[PDB]
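Below: one structure, written as structure tokens.
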Amino acid sequence: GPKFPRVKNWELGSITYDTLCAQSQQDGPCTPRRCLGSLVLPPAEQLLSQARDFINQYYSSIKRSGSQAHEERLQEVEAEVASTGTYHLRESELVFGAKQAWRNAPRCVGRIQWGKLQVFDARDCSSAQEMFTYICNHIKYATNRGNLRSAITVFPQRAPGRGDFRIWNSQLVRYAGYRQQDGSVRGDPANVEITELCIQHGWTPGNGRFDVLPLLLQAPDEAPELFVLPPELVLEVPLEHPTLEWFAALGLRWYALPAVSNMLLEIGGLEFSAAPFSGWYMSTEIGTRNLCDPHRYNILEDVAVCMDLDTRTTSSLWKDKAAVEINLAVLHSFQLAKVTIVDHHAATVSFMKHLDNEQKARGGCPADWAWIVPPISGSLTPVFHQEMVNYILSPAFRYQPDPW
Amino acid sequence: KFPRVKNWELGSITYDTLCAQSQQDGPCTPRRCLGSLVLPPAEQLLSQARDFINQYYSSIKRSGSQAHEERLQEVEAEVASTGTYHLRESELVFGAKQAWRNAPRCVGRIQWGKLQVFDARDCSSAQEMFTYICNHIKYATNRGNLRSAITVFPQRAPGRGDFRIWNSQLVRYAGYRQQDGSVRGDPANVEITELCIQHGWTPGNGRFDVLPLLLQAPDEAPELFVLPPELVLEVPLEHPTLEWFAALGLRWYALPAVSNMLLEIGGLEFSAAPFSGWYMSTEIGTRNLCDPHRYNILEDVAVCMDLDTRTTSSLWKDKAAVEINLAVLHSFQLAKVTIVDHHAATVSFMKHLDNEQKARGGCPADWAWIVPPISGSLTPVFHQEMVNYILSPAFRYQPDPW
Ligand code: HEM
Ligand code: HEM
Ligand SMILES: Cc1cc(N)nc(C[C@@H]2CNC[C@@H]2OCCNC[C@H](F)c2cccc(F)c2)c1
Ligand SMILES: Cc1cc(N)nc(C[C@@H]2CNC[C@@H]2OCCNC[C@H](F)c2cccc(F)c2)c1
Ligand SMILES: C[C@H](O)[C@H](O)[C@H]1CNc2nc(N)[nH]c(=O)c2N1
Ligand SMILES: C[C@H](O)[C@H](O)[C@H]1CNc2nc(N)[nH]c(=O)c2N1
Ligand SMILES: [Zn+2]
């Protein structure tokens with residue numbers, strides 16, 4: 001074979017070679033001396049080359065590469081940068097770039113849907129209040145009464161010497177976490193800081209386990225402003241189990257819409273610091289991570305006690321049994337409420353199909369094995385047996401640290 | 001420089017300084033991570049030897065002593081004269097424990113200091129290899145109270161062919177290709193099964209037929225030896241509450257004993273150095289029995305359980321897999337054969353990480369192999385960042401001798 005990584009599937013015995021990785025223009029965290037693949041967090045000339053690359057990508061995607069229109073677009077970007085230090089994307093370039101950032105996201109198992117993204121252009125937005133309107137519109141469109149639709153809303157890009165548009169919440173919908181007297185947390189321990197920041201900015205807190213947080217929205221050079229989401233906009237699913245009738249009595253619930261709001265969207269060197277996007281859940285993120293992580297709702301022991309399991313010994317597999325029934329409750333309850341969700345089996349099957357599609361279309365697919373393999377039943381899914389190459393392509397979504 | 005390593009469940013952070021001791025490159029580069037891939041003169045030999053002898057004298061806290069100086073000179077003298085050298089038994093013992101300590105894919109490393117090392121470097125024939133292997137099996141098995149062991153056969157030499165065990169483990173079950181392209185037994189072992197038959201083995205026809213060994217002395221065809229049945233401890237699988245489970249006729253062998261890896265110590269290479277510990281239950285219950293390309297029993301079990309098999313969203317696979325893992329643990333516990341479940345194994349691995357942080361400043365670990373194949377995030381290792389790199393002494397994969 002060629003001098004590109006050989007990639008094997010150990011279940012089926014099949015082999016491919018990744019040639020797409022040659023397109024990577026940004027270094028990850030590994031060296032020949034040590035692999036850091038498991039870590040969670042790993043100028044005019046600089047901008048212009050990122051821009052040219054992106055414009056080349058766009059004209060390739062419309063098959064007008066080398067054309068007069070292509071060359072004129074490049075010259076227009078260069079002159080814009082020459083005189084202003086920055087440039088602006090055409091509407092169709094933004095749409096292409098946003099779908100490409102999703103396509104490029106190594107940690108996303110849902111990429112078979114990448115071409116079906118509704119891109120809302122909010123680059124005219126000039127205030128926190130207007131961000132709120134755009135965000136409520138996104139939530140209404142995306143939620144679609146339970147028939148969820150993938151979407152992204154793009155606020156204005158970072159600009160020379162002017163502050164950023166930022167949504168302070170890590171997602172559009174999250175539950176509060178309230179630090180208690182005895183040191184415990186009521187609600188979601190992941191959200192203790194943001195919850196405290198909201199109270200500080202004038203929110204009157206609740207006292208429940210599942211209280212929806214308000215949004216803290218920041219327009220350039222202003223303190224963030226607080227906006228409560230009208231409860232009729234936030235679709236939630238009370239959790240019940242198909243055969244364990246007591247499960248409904250636990251009063252657990254989750255919201256319908258997974259909407260990430262703290263990632264930076266980079267396209268051609270331009271940085272969109274507020275560009276919240278949403279899809280639909282894969283059930284394990286709720287049933288396994290949100291509900292069972294020891295540092296989250298941590299409900300395994302409660303549920304195992306209800307199931308009458310022996311929680312005194314590891315080898316009864318009480319944690320495994322309880323996690324499975326909680327995951328089944330999530331799926332059953334979303335299906336009952338007619339809210340789009342995908343189980344880990346169906347999601348990883350569709351990601352294997354996406355891998356094949358991309359092998360044909362671009363000669364590989366950047367993928368992060370530790371994130372793509374689900375957190376229960378790993379080797380029961382086809383992705384566990386599939387070698388994966390991880391690398392950074394642009395356009396991309398990047399993590400940004402909390403603005404506080 | 002030194003990477004920061006975070007645990008996301010507890011918020012705790014360490015810095016890995018051990019990785020600076022790596023002298024051998026892995027498959028990653030700044031352009032792309034290949035961490036998920038399964039497969040990767042006299043002066044170079046001399047410096048590996050020196051490093052190793054330095055490691056050894058450091059472990060017995062005699063660095064710089066007279067014995068240390070004179071041993072270094074012995075190695076130099078031997079290499080300069082002959083191109084190679086030989087380890088003393090106590091060095092071999094230290095080196096074997098260290099290759100285990102260093103193995104990034106092993107979750108069982110809390111046990112690394114406890115290893116019985118059989119010196120088989122005076123072995124000159126496949127016959128003698130067989131006797132040594134039978135003794136290792138008897139020792140390691142110990143009527144079910146398993147004891148970690150390694151037997152080390154003669155090192156590679158520039159002149160000649162290697163000592164090799166053709167089998168990938170000392171105990172494995174045959175896989176017989178059928179006329180309909182079906183496999184009876186373990187589909188992972190079709191090739192070795194067919195090799196045994198072509199070297200004169202009379203095959204069984206069951207699902208759990210223990211394979212004979214193909215053992216190879218230098219520059220000879222391999223020879224076939226059948227393991228005496230009484231040496232091979234097996235565990236019938238039954239379930240604590242599902243009565244019909246026992247009637248599936250399932251079983252697994254007690255002793256996991258890897259026989260195809262190369263042991264590298266101080267630049268010397270031991271191409272046959274089979275080692276054994278005890279099983280982590282998910283290896284049997286999840287991979288061997290539920291992999292689609294292995295015994296693939298999930299659907300049969302789920303149907304016996306009367307689960308709805310038609311749709312993924314009933315989580316019938318997840319349910320059946322849990323019960324199969326439970327059957328494995330219950331049955332080994334019942335037979336009084338050492339086994340460890342994935343929760344206990346991963347908790348002890350976390351302690352090993354803390355011990356190693358204190359002892360050496362880090363611990364090379366391969367997250368994709370450390371995290372178990374069921375209930376990943378239910379175990380503490382899922383939430384633990386890991387740094388992967390190659391330290392020597394080391395175990396290395398070697399391709400099949402045919
Ligand atoms: C259509 C349904 C979708 C499904 C089922 C899905 C599935 C997932 C899952 C399970 C994860 C891992 C999340 C975690 O553990 O934190 C993930 C990550 C991610 N997905 Fe998707 N995805 C979907 C849509 C989207 C969309 C619309 C975008 C953007 C346009 C997106 C981009 C990303 C990114 C950037 C990550 C990494 C997040 C991070 O680093 O925290 N995905 N996806
Ligand atoms: C004491 C009981 C032990 C337990 C519970 C244990 C656990 C494990 C597990 C679960 C794996 C992954 C197996 C797989 O998925 O193929 C593994 C791999 C490995 N272990 Fe251990 N281990 C034990 C003892 C040992 C010993 C005694 C040695 C050598 C002296 C050793 C060296 C290795 C090596 C080199 C690998 C990687 C094997 C490969 O690449 O195929 N371990 N261990
Ligand atoms: C520190 C840090 C880095 C990073 N890259 N990421 C994070 C968010 C963490 C990752 N793991 C839990 C939490 O992220 C929770 C949010 N995940 C929802 C998911 F991204 C999703 C699902 C379906 C559709 C869709 F559009 C989006 C934190
Ligand atoms: C191609 C290739 C490369 C590589 N490094 N490795 C392999 C063996 C594979 C790994 N995954 C299944 C199979 O290896 C099965 C052997 N595993 C037994 C396990 F290693 C074990 C457990 C407890 C104690 C002990 F001493 C040994 C194949
Ligand atoms: C340490 C490790 O990288 C970390 O816990 C990762 C593992 N895999 C994951 N996979 C997904 N999809 N989401 C996550 O939050 C994590 N956490
Ligand atoms: C492709 C992927 O690396 C491969 O399936 C790995 C993943 N993790 C593993 N983990 C262990 N312990 N054993 C294995 O064989 C594997 N296989
Ligand atoms: Zn890597």
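Chain labels follow the order of the structure tokens: the first chain is A, the next B, and so on; residue numbering restarts at 1 in every chain, and ligands are counted from 1 in their shown order.
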
Residue contacts of segment 74-76 of chain B (7 Å, only C-alpha atoms) excluding same-chain residues fewer than 3 positions away, as a list in words: residues 46, 70, 71, 79, 80 and 85 of chain B

Write a file of the selected residues as a CSV table (one decimal), in the first residue's frame, keeping N, CA, C and O atoms.
```
chain,number,residue,atom,x,y,z
B,46,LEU,N,24.8,-1.9,22.5
B,46,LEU,CA,25.5,-1.5,23.7
B,46,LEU,C,24.8,-0.5,24.5
B,46,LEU,O,24.8,-0.6,25.7
B,70,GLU,N,31.6,-3.4,37.2
B,70,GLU,CA,32.1,-4.6,36.6
B,70,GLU,C,31.1,-5.3,35.7
B,70,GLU,O,31.5,-6.0,34.8
B,71,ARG,N,29.8,-5.1,36.0
B,71,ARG,CA,28.9,-5.8,35.1
B,71,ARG,C,28.8,-5.1,33.8
B,71,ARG,O,28.7,-5.7,32.8
B,79,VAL,N,29.9,-7.9,24.1
B,79,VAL,CA,29.4,-7.3,22.9
B,79,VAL,C,30.6,-7.0,21.9
B,79,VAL,O,30.4,-7.3,20.7
B,80,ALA,N,31.7,-6.4,22.4
B,80,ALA,CA,32.8,-6.1,21.5
B,80,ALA,C,33.4,-7.3,20.8
B,80,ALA,O,33.9,-7.2,19.7
B,85,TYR,N,25.3,-10.4,24.0
B,85,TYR,CA,25.7,-10.7,25.4
B,85,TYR,C,24.6,-11.5,26.0
B,85,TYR,O,23.6,-11.9,25.3
```

Which residues of chain B sit at most 8 Å from chain A, using only C-alpha atoms? Give each one's shortest atom pair and distance in Å (one decimal place), in chain and ascending residue order, as CSV.
```
residue,atom,partner,partner_atom,distance
B:5,CA,A:39,CA,7.5
B:6,CA,A:39,CA,7.8
B:9,CA,A:295,CA,5.7
B:10,CA,A:295,CA,7.7
B:19,CA,A:34,CA,7.0
B:22,CA,A:33,CA,6.7
B:23,CA,A:33,CA,7.7
B:24,CA,A:33,CA,6.9
B:25,CA,A:32,CA,4.8
B:26,CA,A:32,CA,5.1
B:27,CA,A:32,CA,6.1
B:28,CA,A:32,CA,5.1
B:29,CA,A:31,CA,4.4
B:30,CA,A:27,CA,4.7
B:31,CA,A:27,CA,5.0
B:32,CA,A:391,CA,4.7
B:33,CA,A:390,CA,5.1
B:34,CA,A:389,CA,5.5
B:35,CA,A:35,CA,6.4
B:36,CA,A:387,CA,5.6
B:37,CA,A:387,CA,5.4
B:38,CA,A:387,CA,7.6
B:286,CA,A:379,CA,7.6
B:287,CA,A:379,CA,7.3
B:290,CA,A:380,CA,7.4
B:291,CA,A:380,CA,7.0
B:292,CA,A:11,CA,7.0
B:293,CA,A:11,CA,5.7
B:312,CA,A:345,CA,6.2
B:313,CA,A:343,CA,6.0
B:314,CA,A:328,CA,6.8
B:315,CA,A:328,CA,6.6
B:317,CA,A:380,CA,7.2
B:318,CA,A:377,CA,6.1
B:319,CA,A:324,CA,6.9
B:322,CA,A:320,CA,6.8
B:326,CA,A:317,CA,6.7
B:329,CA,A:315,CA,6.8
B:341,CA,A:315,CA,6.0
B:343,CA,A:314,CA,6.1
B:344,CA,A:314,CA,6.5
B:367,CA,A:38,CA,6.6
B:368,CA,A:370,CA,6.6
B:372,CA,A:378,CA,7.9
B:373,CA,A:378,CA,4.9
B:374,CA,A:377,CA,4.2
B:375,CA,A:376,CA,4.1
B:376,CA,A:375,CA,5.0
B:377,CA,A:375,CA,5.0
B:378,CA,A:319,CA,7.1
B:385,CA,A:39,CA,5.4
B:386,CA,A:38,CA,6.1
B:387,CA,A:36,CA,5.6
B:388,CA,A:35,CA,5.0
B:389,CA,A:34,CA,4.7
B:390,CA,A:33,CA,7.8
```

Using 6 Å as the limit and counting only C-alpha atoms and all ligand atoms, can you tabulate each residue of chain A that touches ligand 3, with its shortest atom-to-atom distance in Å and the two atoms involved, as CSV?
```
residue,atom,partner,partner_atom_place_in_ligand_line,distance
A:40,CA,ligand 3,3 (C),5.8
A:41,CA,ligand 3,3 (C),5.9
A:258,CA,ligand 3,25 (C),5.2
A:259,CA,ligand 3,26 (F),5.4
A:260,CA,ligand 3,27 (C),5.8
A:277,CA,ligand 3,26 (F),5.6
A:278,CA,ligand 3,26 (F),3.8
A:279,CA,ligand 3,26 (F),4.0
A:280,CA,ligand 3,24 (C),4.9
A:281,CA,ligand 3,23 (C),4.5
A:399,CA,ligand 3,5 (N),5.2
```

Worksheet entry | Expected selection as a PyMOL selection string for ligand 1 within 9 Å, only C-alpha atoms and all ligand atoms | chain A and resi 40+98-114+116-119+148-152+258-260+262-263+265+276-285+289+341-344+347+371-372+374-375+396-399

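Checking A:76, A:93, A:188, A:308 one by one against residue 59 of chain A, counting only C-alpha atoms, you find the shortest gap at A:93.
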
Taking only C-alpha atoms and all ligand atoms into account, name the residue in B:332, B:369, B:279, B:139 that is nearest to ligand 4.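 Ranking B:332, B:369, B:279, B:139 by distance to ligand 4, first place goes to B:279.
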
Of the listed residues B:174, B:77, B:268, B:39, that which approaches ligand 6 most closely, counting only C-alpha atoms and all ligand atoms =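 Of the candidates, the smallest distance to ligand 6 is held by B:39.
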
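The nearest approach to ligand 5 among the residues B:339, B:272, B:345, B:13, with only C-alpha atoms and all ligand atoms taken into account, belongs to B:13.
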
For segment 79-85 of chain A, work out the shell of residues within 8 Å, counting only C-alpha atoms and skipping chain neighbours fewer than 5 positions away, then give it as a list in words.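 Counting only C-alpha atoms, the residues come to residues 44, 48 and 160 of chain A.
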
message: Can you pull out every residue from segment 97-192 of chain B that DSSP, working from the backbone, puts in strand (DSSP E), and format the result as a ChimeraX atom specification?
response: /B:116-119,149-152,164-165,175-177,183-185

Original post:
Can you tell me, as a list in words, what residues are no more than 7 Å from segment 104-114 of chain B when counting only C-alpha atoms, ignoring any on the same chain fewer than 4 positions away?
Top reply: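 Listed by chain and then number, they are residues 97, 100, 345, 346, 348, 349, 352, 364, 365, 366, 369, 370 and 388 of chain B.
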
Residue with the minimum atom-to-atom distance to ligand 2, picked from B:395, B:8, B:402, B:173 with only C-alpha atoms and all ligand atoms counted, is B:395

Counting only C-alpha atoms and all ligand atoms, which residues of chain B fall within 6 Å of ligand 4, and what is the closest atom pair for each with its distance in Å at one decimal, ordered by chain and rising number, as a tab-separated table?
```
residue	atom	partner	partner_atom_place_in_ligand_line	distance
B:38	CA	ligand 4	3 (C)	5.6
B:39	CA	ligand 4	3 (C)	5.7
B:256	CA	ligand 4	25 (C)	5.1
B:257	CA	ligand 4	26 (F)	5.3
B:258	CA	ligand 4	27 (C)	5.7
B:275	CA	ligand 4	26 (F)	5.6
B:276	CA	ligand 4	26 (F)	3.8
B:277	CA	ligand 4	24 (C)	4.1
B:278	CA	ligand 4	24 (C)	4.8
B:279	CA	ligand 4	23 (C)	4.5
B:397	CA	ligand 4	5 (N)	5.2
```

Pick out each residue of segment 14-254 of chain A that DSSP on the backbone tags as helix (DSSP H, G or I); I need them as an NGL selection string.
:A and (20-23 or 44-61 or 68-84 or 91-104 or 111-113 or 128-146 or 189-200 or 231-233 or 245-250)
